[PDB]
Every structure is written in structure tokens, then in C-alpha cells.
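First comes the structure, then the notes that go with it.
Residue numbers (the working numbering), protein chains in the order written: chain Z, 781 to 1142; chain E, 98 to 190; chain Y, 1088 to 1344; chain D, 240 to 456; chain R, 79 to 165; chain X, 2 to 46; chain S, 7 to 300; chain U, 154 to 512.
See the structure below:
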């Protein structure tokens, strides 16, 4: 009380005086509005949402060199004087972005894909970790990277893992859905993405499964060819227009990369095109090892035995197998999972991958 | 009083949540005025952040560097040099 | 009494919040929270109804029979419409089809319910109009001696927020009140051919009018004494809520053959 | 009249000339401005144009584009393109309304003739259909003599000779040679142009046609 | 409504509709931008026709270059029945 | 004197005359020669 | 107090004093853009009955996770991402979705894919992002995607890639849920009988893990479906549903519902206050006539 | 410290402001697209009453008014898009645009290459650089310098980088309009933007208006519309008109970019639209060498590099590809943890880049 009160009363007093004087002038109902522009006659033209618009004086709460257009400010009754400034609302990462903040997984949990991991690293994780090489040398780390592999198998895993390691907002775009089939929707959607990303940097623009603007055409006509081409061109121009060493990073994703033009990749910004190699034997042990941790099982299971008979199979297969084996236990009314179950799941997935007869198996 | 907050680092030894509670805590310290308090905070933050490094503590100390209160800037930069120790250079460059 | 008297603004009651207090939306665009009278609070109080508002008072002056109007042109009521079995003979399949679908619940709701089959509540008519189809629709209304309410369904299409939702609401209410009745939707395909494949954009204003029509249509007609008949220049697909059982249950064809 | 055929010769420039000569008020009316997304207002604009044009007579109404009092197609997308059918129709209905009196002229201009409603079949509409060809040796040479007043030359330059040296040049392109002839001059430290300076100008791009061909081994 | 009412008073009358594609389209592509205003218009003309009010001292004459952006409703007898062609 | 109210008309017991104001409102005035016939012509303020 | 107020609260504020005097209710916008809640559904397994093979399968994939989550986690099986139902059209694809929703006592949320096709900048994008938020609050849920399905029970709607683009988004979102949140309480239901609405993400593991088969009705099965529909209404009491059922061959669950409604017009004409067995035989004869089409 | 000084500023600002509000209250009260002084008690004609709106009109033909200095009132005020006009109370700027575009005053990317783009840079230099530095030279000759430039080969060839660099040197604005966005499907909207860009352009004269991609918009016109070539041609045809219709040459520059050369129309080629065709397509062996040499100066390197050898492995390149070889070569070194670059690394980067470009 009393100890506090002696420091408190004057510390209270300077803030209160400023505040008092503000509130009297600021007296409600005061309409909130948007700065349209800040003018040559030192006025600001404002767009009022009450429908008039005005040339307005500023009361320096913070200065005009600290204020920019489109910012929200609080406006007087009629002359619309800037009585105080406001913080912006409804930042649009809740409308064009599906957000995965501090996403899961890491490099250790799929390890054995180690050589590819260094590649992905060198463009994304590593500049953050060690700025210095990149700065001293004067050349920039690749803005954007392309991952090709397959969903839930290796493409997605690498992307979760790296993004989390750099502690950037993984912001997930559905490529196909941009796909909106009418002249106005896509190029804006794309612009609005890039804008919000650069503002609230460092940020990951993850474009999932872009297959459908992967065409280029020699001539453009009509609406039926031009729409597609406008969307493609918008990505190409923004890249070509700006340059960033990691205010915006891009991961582009597609199953295979032979459906992307080499003139949309754009060497010299996107320098890395990184592959997906299958999990080998060491990796299978690992992928399994992580998935058997979560489990309650029987002691007759041999992690080793099942890996050895698997012929160079995808990380997907390994996930699938665990998921499949749990079901054979659940149906039989039990929580223990015997070896025989893992083996049946392994036999089934291994057959389907290794089916390709008379042209693979000649 | 200066020593009480210094003491809290040593009390918060072996205590997982409490290390987290520090980030809530130094918030409280900013509310409370007084030169004795303003001088103490770079040091409080410095001791905790070299027996448990805090990105938040570095982020705050950069601002204290460019402080118009003389004693605060003094203590922040010595503190900041304490955090960067263990290497020569890093972010510290 | 005198304080609460003409001139008056019209509003609509949306819902009662608590005792002696109600929310109204007036038609202008200004929404008010107002008092209701204590002798209007009990036994005359409906959750949505049409009201008489004072323009200074901000109080419930009067409760209105629901027929409050819109800045769109008013719909047509024709008690005993004058087309009454003109064209007949050789329309044998289409006359029989109409007859069991449209006439019988209006004369007797109660037999359908007793069987326990659902009565047709809404019917969809497809094939040309003005070539044998319309004639029959009008004739049925006249023979059942129900009011023909000819309701202009390409006329929601107002270009403003919601006048149009207010008007549909008035019309379904007024139909159940003035039962037996036909609400006849001329070209329903105007306010319900939209998004099946992300084509036929620009139809954001009719989406509110659509929700309003479904809540009124399905929520009444539980025994059926008021029929809705849907009309389309040939055929058009509709948004999935109309088409499912409980609404447009009979889908009647005009023969190619 | 309706004109189509290539500008880049001074199509715009000719239109204004006619305007000056007859003592018409030149009114540039931009076809995209009518084409309003709002009701009718565009129809009214067409009528106001006639109304002022009739008060100001002589007048040429010079129509930038033809893509928005036309391009209506013959398909069922002529539905969407209503605003453009209506602005046009009215302007024609209004001209034949007053065909005997010559007060107002209508000229439309484009690179090339577009799909339109019939209107080339009638005196009171846009009867006349005027083609622009390309220049010839006499024409290039006059165009060069107009050019050579404006800017310095060393007064030795022979338009006829340069005209033989340029193949399938248009008027605008002879004007871009004069600029390139000056870019040689700019590098050379000359303030005029000799014959050579112009010959070298032709060799460089003008961006639609340039005579410089002599490669093949 | 005004156009029809006045036709009845001032009957005989010619009601001349200049290029019918805008009050009697077909739809742009089956889609809509503004081609619902066209439908709102078009239902009103079909309604007066179908109605109890009958055309005989009010005559309506439709004009358009092409019949390939007339609605199918109109092309059906009983909303137009007489079709004069220019030979 | 301006500010004054104009009216944009598009309209060509005793006689009634309808004026259309640009505030999009129709108003009654008489045309009994209290208000002269030559003060109405369409298309005009 | 400020803890009564919240973001997106609807409040009454004095026009007189500008003081927020009471709180109404919170509002929303996707819930009236053709997305909707249907609490405690009226579908049962007896409704489209004769689903035995499916019943056990569907119980384990959907019902067990929902009823008992801890159990799935500890056992060593992560919860299945999606189910796609594939089998003959017009059965009770939609019906099944609602039945399961009822059983676990979860909210049935019907999504029209195309509606989620606004032609403005992002408004469509916005609704898609909000669809997930809403369902996370409303957990548990069956999120049933309408307009990917061809069924005679409701209607075949959907065309183009306009519900294939949407169908993809649903599958990304399941990754996302196992992802940063590490939860799943929300299961997404595909139904289809069509090859021109599929994805390659549909065909991919770790993206959708169960393909559960929808049986064709049979003579035993038709009887079960028929039995439910005739005992929600008035009927003769000596009835042999078995007899009727043998007469229908080829006929989906939707047809068993049509038989009753066609039988009813016969009952209604002859001014009965119940339907009889007779009407049902004649009704089966009517449907068989249609199937045989030239 | 920081807090007391911020309050001191508020207090000071505020008092002036309160007084000023009351004065504004007593009188009952620049870009703009119509003027709208919604009252006008103060101020043919001998007094102003000007208010340009659909719902009402107040019309006076005569502006000026050095006393009272007009303006005030219901504030949007200045010149009109109907020409009644607030002529000269508080700065009008010829119907000035409230529709924005992205402005980048002095874009920063200086001189990416100066060797091996030697001719292409020099073309820019004559047209753009020298007429800002000396207008009198150009004048004396009597020539007008190229209005428009077309830059070809693929975009992002270092096409952008070079353009930006001359813009920095002259202190000139980049005015970016991106072709693809314009595309609306609502009546007239795109062409409207184009008129206001040029009105705005004339005000801001000394500017490079960058028009991204003519493959995007104005790609055909041979269709005679289609719904998607009909707004698109409308925008396009309007944009040309403005250019031959005159905007000042030797100030305002328009630069076009194109990946592919099959979109071009005779309308587009002609002078008063495009005059220059600058290459950024395929350079020489000597040329590839210079651009390699130039990006690796800034880098540390350990010895044994000859640029000629690096150049040799390219059978055909574009400028984009070259930029990729230096930067990729550096990455192999960083993985091994290195600051220096080696002959081996450069070879390794050529092999990767070309092969991906194929197909």
C-alpha cells in the first residue's frame, strides 16, 4: 500500500494528465476509419465508413513519419481530426492461410534420409543458424525450394521438420482450390498471400500439389486459357519483381516436377530442386522405432526381422504397417499385437508397391 | 531488495515451471517503478539467462542498450556480453 | 393512447429478449431494441411478427396482420383465378399426376397423416409453361377454392440487403393464416440455380432469400393445407436443400410423348 | 463513316485534320466509359453526345475503340454484351433520324474490323467503309519532308533515295528512323544528321519493320 | 407494368422492343454476372402473356438481328407465334 | 440563391403536375397557372 | 464486465449513452451459407439394414476412436483419417453418415462443397478456413461432404472439379490436425460411386487410410429396410415383409423407401386409413418395370 | 526517459488541435474525383456553390477566389471530373488518382552486370539515362527519345535488376502495374484503371512504368471478343490510345516484359508503343564469362578459376541460368563448410542447372 504509494502517485500522475486531456477531446461516439492517403497539403484524406470523407488535421500521438496509409485511426465527429491512432484489425492469415504454428516432427525422427536433409537445410535451416557465410560472400540462400515426393511418405515429413527447426509459421495453401474458374479470383489470392507473408516474416508459403497451372501456352486467347495463364504469370512476376533473402521463403510441392515448367521455376532464386529417395534399411529401422514407441505390443515382435524382407519400401509403408497391425489386434478384442500381425500387413503393402508386371518385372 | 530478486535465480534451481515463470515474472518488474528496480532488471535477467538462456531476455536487452536512463544502458551491455560469452561472436557480432 | 398514434414507421419483430423488452428490425435499416406493452407481452406475443413502430417513442404501438410490404412491386392474389380447365383431353397423364399430388391435402390434410405417408408439401413441375401446364395449376386452385397467390420468383430479385427476405417471410406466414393456399413460384430457377461446381457466381444476395424460404417451407406444412408449386421454364437443377424429401417430394413431368 | 485499317501512319492525326478543315468540334468519346455496369445511364450518355453535337454543329464524334460499341458476337454471350448493343443502336437510330441534315459526323477507329450488327448497308448509318493502305515512294518522301522541317538536317538528305532503301515502311516508322538517325548523331557528337546518319537509323530497330537484311552465307 | 397499363389505355399500340437479348437472353454461358437481371425482366413479359390479360388491341413486336440469343421461351408458340422474316 | 434544390425531371379538381426531384421523390404541385406550364420540360433542371 | 463481452458478441448498446447494457448471443456466417447442424440424427443401422460386413468395420474406424480416444492412442494405432464409401449408388451413403453421427452422439454437419463457389477474393477462401475452426469447437463431429455423392435418396449433385478441389482440402486438413495440434476428433466422410470426382490424394496412404465397402441389398436386407419404413406409419398387421422383399431384386435402399410412397398413393385413392400388403406388391411391380428400360 | 518525452509531445500537439477543432466546428466543416462542398454559405456567377453528386447539384462556373481561398465545407475539394472546378484553393493535381498502385521510389538493385550485357545496358543508357541528365541535347537535335521499350527473352533474366539500377541513378520512380491482376470480369473496370494510371503518370512524370507481361493481357485481339478477350482487349486498346495520344517522352518511360513472342499484334509493335527491342535472350561465350566473373568478385575464392572453362559447359543459356551457376557453386562449398569457391564447384553447378532446364 503505503510503500508503493509514494512512487506510485507521481508515476500515475504524468500518464493521467495526458490521458485526461486526451479523453475530453476524444469523447464518444467517435467513428473509427481508415487513412486513404496522406496529402501534399499536410492534410490526410480519409475514407470514413459513415460515407463522407475529409481533409484532416493530426494530433501527434505518434508522428506522420511513423504513420502510413490504410492504417486505422480514430476520427472526430464531423471534421474527422486524428484524435489518436489505432492498431490494425483482422490481419488476413485467418482467411487465405491455414496456420500450423510451431508444427511437429524433426530431422532425427526420419533420419537415414540424412544426405537429402543437408540439401534442404542449406537453403532453409542453415542461413538462420549461421548467417555469416551468406552475408560475407554476398550471395543469397535460395529463396525457394521445390520438394517432390509424395504426401505422408516423405514430402510432408521433410516440410514439417524443417519449418519447425527454423520456427517460422507454416502457412498452407491448397494449390488446386486457388483454382477458382472465373476472371478475378486467383491473381489477387496470390498477391494477398505474398503480402501478408513479407509483413510478418520469416514465414513459409507452402504451396501444396501445384499441378494445374503447370501449363504454359505460346499464345493466350479467350477466358478459358487466359485464366490459367494469369495465375501462373502472377507467381512468376512477384518472384521476378522483388528479391528476398528470407522475408518470404517458398516451398513448392508437387508429386513430380516434370509437370512444372522450367521457366516457372526460374533459376537464380529457386536454385535447388530437391529429390525424394526411399528410406533404406537403416531408415526403416528408425521409422519403425519411432512408431513402435507409441505402442503396447508383444515381445515376439522383431523390428529387425520385418525390416530385412521389406524391399526398399517407402516411409509410408512403415506408417501404414503400424496402423494396420493395431487394427488386427483391436478386432480380436485385445491390446497386445503379435509378430504375425505385422508380417501380414508387410506382405500386403509390399505386394502392391512391387506390382508393375511385364514392364517392370519383365 | 536487489538481492532478493538476485536470490530468486538460485531458488529457481532444479525447478522446470519456475524457469518459465520468470518470463511472466519480469513482466511484473516492468510494472513496478523506482530507479532501484530499473537498475536491477538487466542484472536479474542477465543471471537467469546465463543459467538457462532466454531469447526474450536478449530481445529486451537490445532495447535497454538504447535507453535514456544511463545506469540501465550500462548494466544491459555488460549483461549482453555475459549472454554472448561461451563463444566469441554469434548474434553478438 | 394518443402518444402512440399515426404517423408510424413499420418494423418487424425478430425475437423477445426478456420481459417487456423485444428486438425489432425496422425496414429502413435501423434496428432498435424497444419495449413491448405489458398487455401485448402475454397472449398476443409471437416470436416474429409484423409491428407498427413510432418514430420518436421507440415502443410497440400495434401488432399488424402479416403482409407488410417491400420496395419491390407487390405480388398478385387472385381468389378463384380465371384459367379453369381450358385445355383438356389428351393431357391424361399430366392431369392424373396433378390431381393426387396437389388437390387432395388441401381438401383433407388429415387422411395423409392417418395413413402416415408424408403429404406433398412442395411439388416441382417441369416441362414447358403456357402450353397446358399452367392451365391445370390455376384450375386446381379454383376447384379446391383456395387463394391463388402468384408470387414472382425472379423478383427477389431485389438488389439490396435482405427488402427481399422480409417479403418471403410475410408471404409464408400469410399463406398458413389464409389457408387453403397455393404459393406459386414463377421461375424458382432464378433464386436457386447457383454453385454446383463453382460456376454461377454473383448470387450472394439470393443465398439469404434461399435460407429464409427453407426455414419457412419445411417448418410448416406438417399436416399440409398450404401447397407450394415450383415452376421452371423447362428444367434447371436446384441447390440440394429443396430437392431432398420433406419439401419437393413429388417431381412431376410433362410427357415428351 | 467507319474506318478500320492500320494506324501508325497518322490516322488520329488525319481525323483531327478533317476536324480543323471543316471547323468541327472534335469530341473524343471513349467507348469504355459508356459501357457502364449500371443501368441504362450509358444509353443517356449516347443521347447527350448527340444533343451537344447538334448544338455545336459541325462536329466529329471520334470514337476511341469499337470494342465497346461492338464485339457482341452472334452466340448466346451476346446476352452479357447488352450494354454495348444498346449504346451503338441508339447512336445509329438517332443519326438516321436526322440523316438529311449533315451536322454531326461519327467516326470509329480500330486497327481492324470487328463483328457488328449490320450497319454498313445504310446511308444514314455509317455507310462508308474506308480502308487504310500502306505508303508508297511519293507518300514516304512527303512524310520525310514534314519530318525534316521539325528537326535539323545537314540539308543534303534525299527522301526519294532513302525511300528506295526502306521497304514496306509505314508513316510512323519513318518518324522512328528520324529518332534513330539522331541517336547515331548523339553518339557521333553531331547536332545534325547527314545521309549516312539516317541510313544507319534505318538499320536499327523501329520495332515493326526494319531494312538491314544482307545475312545468308 | 407502366408500359402495359398505358398500352391498354392508349390502345391500339405497337410495343417495339429494340434488340432483344438483354431482356430475353439465354444466359451467357449458363453462368451469371448480371444475367439474372435479364431473367427478372424476362419472367415479367412471360407472366403478362400467360396471364388473364390477353394481347389483341396491345401488340408487341420484338426485333433482334439474330434468333440465336432469343430465349427458348419466346421461340415456343404462345409468347411469339408469328415470326416474320426479312427476305 | 444556391444552395438551392434542383429537380431533374424526365416527365414530359384542377390540374395536377408531378415533379421528379433528384432526391428521387415525387412531389405534388398544381398547374392551374400558379405554376406556369413553361417551367416544365423533360431532361432539365 | 469485460468477461461477459467477447469477440463477435452481439450486445445492446444505448444510443443514448453508449453503454453496453446486456448481452444477447454470439453470431456466425458460414452456418447460413449452406452449412448446417443437425443434432441427434434419426437414421439407424436398421434403416438401410443388411449392412453387417460394413457394421463391424465402420464401428472400429469411426465409433471406437470417438467413444474411447485414450485407447486408440495407447494401443499403437493413430485414429483413421477419412473413410470413403464405395459400393453401388442410391443406397444409403448419406444415411449411413447420419446413422453413425447419431450413435456416438456427435454433430452431423452437412457441407455443400460448391457453396463453400463464391466469386470474390478469398470470401470463399474464408469460409473454407472457418469450416475447420467451427468444427474444432463443435467436436466431436461427422463432417459429411455432400455433392461428391450420387444417391437417389436425396439427389445426384456435383459436376466438374468443383468438388474435387474441395475434396482435396479436407484431406490436407487431416494431416494438419495430426500435425501441430496432434489431435483428431473430427472425422470426414466421403461417399461416391463415381470415377470423375476422385483425387490422386484419395489414392494415397497417410492422407486417407480406410475404404469401407457398402453392400448391395438382398432379399433379407430389403425386408429390414422395409420393416422400418412401414412401422413409422399405419399398416396392416398380418404382413409378411419377407414376401414383398423377394419380389424386389436389383433394388437399392432408396427404392425400398419409394415402394412405400408409391404403395401410399394406391391406399390414398381407395380411401383407406392404413396401407396394406397388396399395395406393396403392386409398388414392387412398378419399380421393376422401370429397371428393365428399353 | 522515452515515456516522458512522448507525453510532452502529446500535450503540445493536443492544445493546438483542440483550438483548431472548435474553429472547424464554427465554420461547419489534395486528391479527389469529384468536388463536394456540402453547404457553402461564404465564397454568370460571383460566388462559389460547387457540389458534384448524383442526388443533388450546386453549380457555379467560376473558380479562383484568392480571398477567402475557398475550400472548407464538406471536404472533398479541388478540380472536378466534370470541369466545374475548385481551381487552386489548396492544391488540386489534375483529377488526381485515389486508386493506388505500387510505387518504389529509387529501386535499389544497382548494376548486376555491366560486362557481358554490354550492348543491352548501353541501349537503356541512350534512351533513359542521358535524357534526364541532359534534356537540352535531345531538344537541340530535335528528336524525341523512345517512348516504350520491349524487353524479351525470359523475365527475371536480370532483366529486372538492370532496369532498377538505371532508375536508382536518375532518382526515378518504378510504377508497377501487373497485367494479370487487371483482369476483372465486371464492365469496364480495367480500362478505367488504365485512364487514371496515365493521368497520374503525367503528374509524376520521370517514372518507368513497368507493365508486367503482355502474354497475360492483350494477348490476342483476332477473336473479336470471347468474354475473356473482350474486357482484355478493351483494357489493351484503351492503353495504346493513351500512349500515341501523347504522354511526355524523355520523362515517362513504359517498359514491357514478355517470355514468348507469339502474343504480339501489329497494334503493339508500332511506334508510340514499342520503339526499342532490347535483348535479354542468349549471350556469347565471351559474354557468359563476364557475367560469371562479375557475381564471384564479391565472394572469397581459392585459386584456379578461369571463367572461360565455366562458360564452356553452357550450350545455350539465358541470363537467369548464369546467376544460378555462381550461387549454386557457393552452396556446395557451404555444405562442406567453406567460404571459398573452387573450379570444381562451378563445373558442378553448370551440370545441374542446364539439365533441369532441358525438357
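For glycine and all other residues, C-beta sits at the position ideal for the given N, C-alpha and C.
Can you pull the chain S residues whose beta carbon is under 8 Å from the beta carbon of residue i, in chain order?
i                      : result
residue 941 of chain Z : Chain S residues near residue 941 of chain Z: none, gap ~11 Å exceeds 8 Å.
Name the chain Y residues that come within less than 8 Å of residue i, Cβ to Cβ?
i                      : result
residue 128 of chain R : 1216, 1217 and 1221
residue 960 of chain Z : 1285
In the DSSP assignment, find the unbroken alpha helix (DSSP H) run with residue i in it and report its ends.
i                      : result
residue 84 of chain R  : 80-87
residue 403 of chain D : 398-404
Which bits of chain U does residue i rub up against, with CB to CB less than 9 Å?
i                      : result
residue 834 of chain Z : 182, 227, 228 and 229
residue 7 of chain X   : 209, 210, 211 and 212
For residue i, list the residues DSSP reports as bridge partners.
i                      : result
residue 90 of chain R  : None, per the DSSP bridge assignment.
residue 41 of chain S  : S:117
residue 219 of chain S : S:92
residue 147 of chain S : S:113 and S:192
residue 852 of chain Z : Z:814
residue 95 of chain R  : R:140
Tell me whether the beta-carbon of residue i lies closer than 8 Å to the beta-carbon of residue j.
i                       : j                       : result
residue 125 of chain S  : residue 1333 of chain Y : no
residue 306 of chain D  : residue 327 of chain D  : no
residue 428 of chain D  : residue 247 of chain D  : no
residue 433 of chain U  : residue 310 of chain U  : yes
residue 1049 of chain Z : residue 1019 of chain Z : yes
residue 1313 of chain Y : residue 1273 of chain Y : no
residue 863 of chain Z  : residue 810 of chain Z  : yes
residue 139 of chain E  : residue 169 of chain E  : yes
residue 995 of chain Z  : residue 940 of chain Z  : no
What residue does the beta strand (DSSP E) around residue i start on, and which one ends it?
i                       : result
residue 31 of chain X   : 27-31
residue 1235 of chain Y : 1234-1239
residue 408 of chain U  : 405-410
Output, in chain order, the set of chain X residues within a Cβ distance shorter than 9 Å of residue i.
i                      : result
residue 213 of chain U : 3
Name the chain U residues that come within less than 8 Å of residue i, Cβ to Cβ?
i                      : result
residue 438 of chain D : Under the 8 Å cutoff, chain U gives no residues; its nearest Cβ is about 16 Å from residue 438 of chain D.
Can you list the residues of chain Y that residue i reaches, using a CB-CB cut of under 9 Å?
i                      : result
residue 142 of chain R : Those within 9 Å of residue 142 of chain R in chain Y number zero; the least Cβ separation is about 19 Å.
Decide if residue i is buried, meaning its Cβ has at least 16 other Cβ atoms within 10 Å, or exposed.
i                      : result
residue 750 of chain Z : Past the edges of chain Z, shown from 781 to 1142, lies residue 750 of chain Z, and the structure says nothing about it.
residue 391 of chain U : buried
residue 377 of chain D : exposed
So with CB distances below 8 Å, who are the chain D contacts of residue i?
i                      : result
residue 429 of chain U : 444 and 446
Which chain R residues are close to residue i, counting only those with a beta carbon under 7 Å from its beta carbon?
i                       : result
residue 1164 of chain Y : Simply none; closest approach about 13 Å.
Please list the partners that residue i has in chain S, where partner means a Cβ-to-Cβ separation under 9 Å.
i                      : result
residue 970 of chain Z : Per Cβ cutoff of 9 Å: no residues; residue 970 of chain Z is ~10 Å from chain S at best.
Output, in chain order, the set of chain E residues within a Cβ distance shorter than 8 Å of residue i.
i                      : result
residue 974 of chain Z : The premise fails here: residue 974 of chain Z is roughly 27 Å from chain E at the closest Cβ pair, so nothing lies under 8 Å.
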